[PDB]
Amino acid sequence: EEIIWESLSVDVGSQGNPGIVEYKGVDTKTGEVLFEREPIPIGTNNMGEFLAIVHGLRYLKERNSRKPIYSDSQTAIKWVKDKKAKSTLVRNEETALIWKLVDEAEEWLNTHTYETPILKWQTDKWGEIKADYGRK
RNA sequence: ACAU
DNA sequence: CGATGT
Ligand SMILES: [Cl-]
Ligand SMILES: [Cl-]
Ligand SMILES: [Cl-]
Ligand SMILES: [Mg+2]
Ligand SMILES: [Mg+2]
Ligand SMILES: [Rb+]
Ligand SMILES: [Rb+]
Ligand SMILES: [Rb+]
Ligand SMILES: [Rb+]
């Protein structure tokens, strides 16, 4: 109903899908960029959205912050809830890096606790998430 | 259908 | 127009 402004917003950006993948997290209230991942040569939109949420969890936990995370990705929210990224991307030499990071994000989820609410950014009502890359 |  | 996902 109402945006929770005291929150972290995350999003993926890509050049192609599958293609070059990156992600960032911003303060929802101000747009200040809080973290940005270096581009990964090949990955999918959903793998990137998943990594962005997990990185947000780790960021907030390290800073003892109870803020929720907003994501526009129904898929990535479910994958994080399940602690399992059900990606169709082939595992081969070209995709080794993205899959390493996805595997390591799952591993972190299975070995750590958090109470962070992971909320759906309601794009249809609120416009583009504040972490969007402005490429569409 | 919905979400990217 | 194409792709990734539930
Ligand atoms: Cl990552
Ligand atoms: Cl909340
Ligand atoms: Cl959701
Ligand atoms: Mg998104
Ligand atoms: Mg976006
Ligand atoms: Rb902590
Ligand atoms: Rb975009
Ligand atoms: Rb969107
Ligand atoms: Rb589809």
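Worth knowing before you read on, the calculation uses all heavy atoms, side chains too, and leaves out hydrogens, waters and symmetry mates. Chain letters run A, B, ... following the sequence lines, proteins first and then strands; every chain starts at 1.
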Would you call [X]-[Y] a salt bridge at under 4.0 Å N-O?
X: A:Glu106; Y: A:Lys84; value: yes
X: A:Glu104; Y: A:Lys100; value: yes
X: A:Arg135; Y: A:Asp11; value: no

Sorted by number, residues from residues 29-49 of chain A placing a heavy atom under 4.0 Å from DNA chain C are A:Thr44, A:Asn45, A:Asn46, A:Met47
Expected list for residues 50-58 of chain A near DNA chain C, using heavy atoms below 4.0 Å, is none
Residues in side chain to side chain contact (heavy atoms under 4.5 Å, CB included) with [X], at least two apart?
X: A:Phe35; value: A:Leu8, A:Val10, A:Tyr23, A:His55, A:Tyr59
X: A:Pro41; value: A:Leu97
X: A:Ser7; value: A:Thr28, A:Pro68, A:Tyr70
X: A:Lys83; value: A:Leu109, A:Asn110

**Prompt:** Does A:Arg66 use its side chain to pair, donor to acceptor, with the backbone of A:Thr116 at less than 3.5 Å?
**Reply:** no
*Would a distance-only check, ignoring hydrogens and angles, find a side-chain to backbone donor-acceptor pair under 3.5 Å from A:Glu32 to A:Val26?*
no
- prompt: Quick one: does A:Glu128's side chain get under 4.5 Å of A:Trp121's, heavy atoms only?
  reply: no
Query - Side chains of A:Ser87 and A:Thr44 in contact at under 4.5 Å (non-hydrogen atoms) - result: yes
Using a 4.5 Å side-chain heavy-atom cut-off and chaining through intermediate ILVMFWY residues, the residues clustered with A:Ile42 come out as none
Residues passing the salt bridge (charged side-chain N to carboxylate O under 4.0 Å, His left out) test with A:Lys61, sequence neighbours excluded, are none
A:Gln122 CD: over 12 foreign heavy atoms closer than 6.0 Å:
yes
Show which side-chain atoms of residues 72-81 of chain A pair as donor or acceptor with protein atoms under 3.5 Å away, not counting sequence neighbours.
unit_1	atom_1	unit_2	atom_2	d
A:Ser73	OG	A:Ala76	N	2.9
A:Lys78	NZ	A:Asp82	OD2	2.5

Note: contacts of residues 72-96 of chain A with RNA chain B (heavy atom, under 4.0 Å) are A:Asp72, A:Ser73, A:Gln74
Under a 4.0 Å heavy-atom criterion, DNA chain C is touched by chain A from C:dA3 to C:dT6
Contacted region of RNA chain B by chain A, from 5' end to 3' end of the hits, cut-off under 4.0 Å to heavy atoms, spans B:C2 to B:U4
